[PDB]
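*Asks:* Pasting the sequence and an experimental structure:
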Amino acid sequence: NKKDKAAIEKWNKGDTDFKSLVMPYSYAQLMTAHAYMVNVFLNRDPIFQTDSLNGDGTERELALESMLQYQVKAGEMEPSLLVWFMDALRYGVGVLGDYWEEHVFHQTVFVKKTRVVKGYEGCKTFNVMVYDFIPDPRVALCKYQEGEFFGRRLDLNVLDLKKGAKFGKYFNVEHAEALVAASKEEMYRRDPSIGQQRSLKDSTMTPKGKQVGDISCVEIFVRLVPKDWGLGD
Amino acid sequence: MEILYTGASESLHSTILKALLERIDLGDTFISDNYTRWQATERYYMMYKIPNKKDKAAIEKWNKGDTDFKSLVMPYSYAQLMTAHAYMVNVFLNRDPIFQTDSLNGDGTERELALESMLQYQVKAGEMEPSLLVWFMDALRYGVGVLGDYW
Amino acid sequence: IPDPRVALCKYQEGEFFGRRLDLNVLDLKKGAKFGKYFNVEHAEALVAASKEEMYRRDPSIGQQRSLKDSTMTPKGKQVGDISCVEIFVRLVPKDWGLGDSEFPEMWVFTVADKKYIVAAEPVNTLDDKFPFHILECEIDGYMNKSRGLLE
Amino acid sequence: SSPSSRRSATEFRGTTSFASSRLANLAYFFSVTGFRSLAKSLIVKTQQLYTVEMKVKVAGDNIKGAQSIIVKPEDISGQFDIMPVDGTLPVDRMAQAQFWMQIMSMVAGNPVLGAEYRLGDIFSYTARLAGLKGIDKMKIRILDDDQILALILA
Amino acid sequence: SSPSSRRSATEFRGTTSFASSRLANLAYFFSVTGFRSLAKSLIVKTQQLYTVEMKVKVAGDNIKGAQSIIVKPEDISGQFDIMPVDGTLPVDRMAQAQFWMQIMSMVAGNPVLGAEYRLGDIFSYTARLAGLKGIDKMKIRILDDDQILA
C-alpha cells in the first residue's frame, strides 16, 4: 500500500505503525491437509506392502517386500514423495517419475592406481515441476496413458553426457557441447518474490581445456509405427 | 600429491588455482543475495528495538531515582521458536540410543548389535551432540543449517 | 559456498561445495610433518596479514573483536590463524592436469589466503557424496529462498 | 458438530470421526489413481530387471527356495498372484502371526493333523512374519548366500 | 478447537494430538532429508575406515564371530543388509526380547523343535538385546579381547 512506505520510515526512526498483511487461514488448512497425507502413507513402517490372491503369492510376498524397502530406503525416494503430495494440493496436479539406475564411479588411489566402484542399482524417482511436463493435449490428464506422447523438459550436465557416451548411451556429442554457452533460455519462470535467477551461468572453465556447464534438453516417449517413422519394418 | 609454488606462470599450481577461484567466486554470489535477510533474523532473535527519542529522557529519570516507560519488542515469536526447538531435541537427541539400526534380512541381524556400539562410542566420545543441537536451531532461526563430518 | 546452479536441496548433484575456515599456524606445521600439508613457508607469512571477513553478524548479536591476533614466542615467531578455504570438486583428471583419465572423480583442495594451495588429495570413501548435510524448514522442492519461523 | 459447547466424550469423537471423512475420501482418490500406478511400476521392474544374483544380495534369507523368487515372464506381464497394498487399508502382520500360532497348536494335538503338515516350517514362518528375521540363523545348520544361490540354481 | 477451556478428558487428548501434528510433519522432513544423510555417512566410514583390531577394541564381546564384523567392500558400496533408523519411528528392543522368550519356551517343549535350534544362543541373544551385556562374562569360559581377535 501507499501508506506503507511511511510506516517503514517510522519504524526506522524508532516509532511504531501499522503495515498491512494477508490473513493466514488458507495456508493453515493446506498444511493441515499435507500432514494427514504424510501420516497416512509415508510415515508408516513398511510403506509398500503386498497382499496375495492365491497361495503361490504368499510364498513370494516376504522377499518382494524386502527388495522394495531397499529401494525406498537406499534410493532416497521419500524426500521426493513428500513434494508430490504438496504439489497436488498447492497447484492442482502433481507429476512424478521413475527410472532404473546402475551407478558406477571412479576413484584414484595411491602408486597412483585407479578403480571403478559399483553403487546402487535400483529404481529411483524424481519430481517434474508444473511448468516442465509436456502432455498430449487431446486426451484428459486423467487419461494420459491412452495418448500418443508424454515428455519432460530437463537439464543435462556436460560431464554426464560425456560419461554416457563412453557407455554407449549417448551420441552426437561433439555438436552438443557447443550449446553449453547459450542453451538455457528460461521461458516459464517462478514468481518475482522467489529468487535464484543465477549468474555467470554454467560456465566454469577448467585448467587445461573445455568448459563445464549444462545444456537444456527434452525427453519424450512416443508410441509409433516403425515403418512409418523410418526406424524399422 | 604435491603441487609446489615455483611462482612461474604456466605451472600446475598457477593453473589450478585460477580454476578454483572461479568456483569460489560463483559460490559467493549466493551468499551475497541472502545476507541481508539472514541478518534480520538475528535482530529478531535478540529482540532489539531501535531506540526512540523519548527514551533517553527516561533513562535519565531512572538514574535520578524516578521511574518511566522504556520501549520494547514483544516476545511471542521467540517463545514459539524455543518451543519448537525443544520438540526436536526431545524427538531426536535425548533418546537413549540416538542412532539405531534395523535389518532387511537375516544377515543384517547378526551385525546390528556391534555396529550400534561403535556408533555410540563415536557420539559419546567424540562429542557430537553439542553440535547437533545448534544445527537444529539454525534451521529454524535462519532457514538453513549446514553440518560437516570428518575422520 | 555452494553451487548456485542446482537447488540447495539438490546439492549433491552439483560440481562443487566448500567452506571458509581458519587454520592455526601450529596445526599447519604439525600436519606438514605427517605429510598432510605443503607450501608451508609461504603460508606462515600470511599470519599477520590474512583477515578480512566480508560477511559479519549483526551488531546486536555481540560478536566482538579481539583486534590483536598474534602473539610472539620467546625465540621470535608469531602464533596466529591463517584464513583458508576448503573445496571439494568433481573433475576429469586429464583436463585439470592431474593425471590421465576421462572419467569424473572427487578431490579436495585447501587454499590459503587465496594465494597458495596448502593441501590437495583424492577422496576415497565408498559413497560418492560430498561430506556435508543440510536441513531446511520449508517444503518446496524446487529452487526457493527458504523461510524460517522467525521470518 | 464443529461447534463446541462443552463436548462430552462421544460427542468429541463424533465430530472428528466426521471431519476426517472428507479428507479420507481424498486419500482414497489419491491412492487408487496415482500411488497405485507407482507401486505397480516398481513391482514390475524389480521382478524383471534384477538378476538372480542381485536378488539374493538384496533379499537374503527371505528367499527360501526357487519359488520365492523365480518367476516366468508371463506373470510379470499379466500381474498374477500379488497385489499392491497401501496406507489406506493396511495389512496387520501381527494378527496373522497369532492365528498361525493357534493353527500350530492344533497341529500339535490330533496326531493325524500332524502327519500331513510340516510343523517346523510353520514355526519358522510365523516367526519371520512377526518380525524376528533371525530364527534361521539360530538353527544348527545355517545357509550362507553362496549356499542359497546354489539351491536356487537347482 | 485448540483454545476451548474447561475441557474434558477428550480435549486434553484432542487439541494436543492435533497440535503436535504439524510439528511432527516438520520432523519427518528433517529426518528424511538430513539426518538420514548424516547417518548413512557415519555408517560407511565406521565400516570401511576402522581396522579390525580397532573394531574389537571399540565393540568388544558384541562381536560373536567373523560374521558380526567382517564385511566385503561390495556391501559397503551398495548399502546392503542394514538400514539406519531414527527418533521418529524408534525400534523397541524390549518387546523383541519378550517375543524371543516366548519362542524359547516353545523350543524347550516339543523336543523335535529343540533338535534343530541352538537354545543356548537364543538365551544369550535375548539377554543381550534386553540390555544385560554382561551375560557372557558369567559363563564358565570367558573370552578375552585377544582371544576374540584370534
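*Replies:* That came in fine, so what should we check first? Numbering: from 1, shown residues only, chains lettered A, B, ... in the order given.

*Asks:* ok, the lengthiest strand in chain B near chain A or not?
*Replies:* Using DSSP state E, we find that the single longest strand of chain B is strand B:144-148. No: using Cβ under 8 Å from any Cβ of the partner chain, strand B:144-148 never reaches chain A; the gap is at least 13.5 Å. Where C-beta positions appear, they are placed from N, C-alpha and C, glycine not excepted.

*Asks:* name the helices or strands packed onto that strand?
*Replies:* Where contact means 3 or more Cβ pairs under 8 Å, 6 or more residues apart in numbering or on different chains; DSSP states H and E, strand B:144-148 is packed against helix B:129-142, strand C:132-136.

*Asks:* and chain A, which of these is closest to it?
*Replies:* Of all the helices and strands packed on strand B:144-148, it is strand C:132-136 that lies closest to chain A, at 10.9 Å by Cβ to the nearest Cβ.

*Asks:* what does chain D put close to chain B?
*Replies:* Near chain B, when you scan chain D using Cβ under 8 Å from any Cβ, you find D:58, D:59, D:60, D:61, D:62, D:133, D:134, D:136, D:137, D:145.

*Asks:* Regarding residue C:141, what is its secondary structure?
*Replies:* At residue C:141 the chain is in coil, as set by DSSP: H, G, I helix; E, B strand; the rest coil.

*Asks:* The spatially closest residue to residue A:35 that is not a sequence neighbour: which element?
*Replies:* Once flanking residues are discounted, residue A:35 sits nearest to residue E:25: 4.5 Å by Cβ to Cβ, 6 or more residues apart in numbering or on different chains. Using DSSP states H and E, the element containing residue E:25 is helix E:15-30.

*Asks:* Show me what the helix or strand just after that helix is packed up against.
*Replies:* Beyond helix E:15-30 on the C-terminal side, the first helix or strand identified by DSSP H and E is helix E:36-49. Judged by 3+ Cβ pairs under 8 Å, 6+ apart, the packing partners of helix E:36-49 are helix B:106-125, strand C:132-136, helix E:73-78, strand E:83-85.

*Asks:* quick one on the thing from earlier: the helix holding residue E:25 - contacts with which helices or strands?
*Replies:* Short answer (3+ Cβ pairs under 8 Å, 6+ apart): helix E:15-30 packs on helix A:25-37, helix B:76-88.

*Asks:* run the last query once more with 10 Å
*Replies:* Other helices and strands packing on helix E:15-30, by 3 or more Cβ pairs under 10 Å, 6 or more residues apart in numbering or on different chains; DSSP states H and E, are helix A:25-37, helix A:78-91, helix B:76-88, helix B:129-142, strand C:132-136.

*Asks:* So which elements touch the last one?
*Replies:* The reference is to strand C:132-136. Short answer (3+ Cβ pairs under 10 Å, 6+ apart): strand C:132-136 packs on helix B:129-142, strand B:144-148, strand C:16-24, helix E:15-30, helix E:36-49.

*Asks:* How far off centre is the fourth one?
*Replies:* This means helix E:15-30. With Cα atoms, centre = their mean, to the nearest Å as the basis, helix E:15-30 stands 25 Å off its chain's centre.

*Asks:* That helix vs strand C:132-136, what angle?
*Replies:* Angle of helix E:15-30 versus strand C:132-136, following axes from the mean of the first three to the mean of the last three Cα atoms, to 10 degrees, is 150 degrees.

*Asks:* Helix E:15-30: which residues count as buried?
*Replies:* Using 16 or more other Cβ atoms under 10 Å in any protein chain shown as the test for burial, helix E:15-30 gives E:24, E:25, E:26, E:27, E:28, E:29, E:30.

*Asks:* between these, which is nearest residue B:68?
*Replies:* Looking at those and their distance to residue B:68, the nearest is residue E:26, at 42.8 Å (Cβ to Cβ).

*Asks:* count of neighbours near the closest residue to the closest one other than its chain neighbours?
*Replies:* The shortest distance from residue E:26 to any non-neighbouring residue, by Cβ to Cβ, 6+ apart, is to residue C:137 (7.3 Å). The number of residues packed near residue C:137 is 20, by other Cβ atoms under 10 Å in any protein chain shown.

*Asks:* hang on, residue D:50 packs against residue D:69?
*Replies:* Yes: counting by Cβ atoms under 10 Å, residue D:69 is a contact partner of residue D:50 at 9.2 Å.
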